[PDB]
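Student: here are the coordinates; sequence isn't available:
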């Protein structure tokens, strides 16, 4: 399994800016003899 995610968002004088990200990489195995 692997994932990558990115997001960014933006909105007296007042202002807001935002970022987020995520990553995963996972591996599994089973063997039988």
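Tutor: Yep, that arrived. Residues are numbered from 1 along each chain as shown.
Student: drop to CA atoms for contacts and neighbour counts, all remaining ones
Tutor: Will do.
Student: if I pick the residue nearest the centre of the chain, what's in contact with it?
Tutor: Using Cα atoms, centre = their mean, the residue of the chain that lies closest to the mean C-alpha position is residue 22, 1.7 Å off. Contacts of residue 22 were listed using Cα atoms under 8 Å, 6 or more residues apart in numbering, and they are 3-6.
Student: Present the residues you listed as TSV; the columns should include distance to residue 30.
Tutor: Putting those into TSV (distance: Cα to Cα, whole Å) gives the following:
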residue	distance to residue 30
3	22
4	26
5	29
6	32
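Student: Of those, which is the nearest to residue 27?
Tutor: Distances from those to residue 27 were compared by Cα to Cα; the smallest belongs to residue 3, at 12.3 Å.
Student: in what helix or strand does the residue nearest to the centre of the chain lie?
Tutor: Taking DSSP states H and E as the definition, one finds residue 22 inside strand 17-25.
Student: If we go by neighbour counts, what in that strand is buried?
Tutor: For strand 17-25, burial by neighbour count (16 or more other Cα atoms under 10 Å) applies to no residue.
Student: Just checking: what are the partner strands of that strand?
Tutor: Sheet pairing of strand 17-25 (DSSP bridges) gives strand 2-10 (antiparallel).
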